[PDB]
């Protein structure tokens, strides 16, 4: 069930197919959740995407705090901070040297059927 660093596993390469890869490292990724001013919700902002304060340096905003966020379209939007969410993830390396950081559910052990 648990995956450890140094373990050969199976996961999708960037080209979209399953290959054997090796777990390089277990990382922790912190995601921010915010409610935009129009009421739309985001669950996977990075701390650096908050542009009204320096969260990389001083941690997350207070729950409910007004913020501005730089969105994936490069534009800035008004929002309110909802929650911060650390997630255990797996940095994997493929045969060709390419790497990805993936979630537990996207990793398979060598003995298991690929769905």
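Residue numbers count along the first chain shown, from 1.
Enquirer: Mean C-alpha B-factor higher for 32 to 40, or for 83 to 91?
Expert: Higher mean C-alpha B-factor in the PDB entry: 83 to 91.
Enquirer: Quick check on the deposited entry: does the C-alpha B-factor of residue 74 sit in the lowest, middle or highest third of its chain?
Expert: Its C-alpha B-factor, which the entry lists for residue 74, ranks in the highest third among residues of this chain.
Enquirer: Determine, from the deposited record, the chain-internal third of the Cα B-factor for residue 45: lowest, middle or highest.
Expert: It falls in the bottom third of the chain.
Enquirer: Where does residue 25 sit by CA temperature factor within its chain: lowest, middle or highest third?
Expert: It falls in the middle third of the chain.
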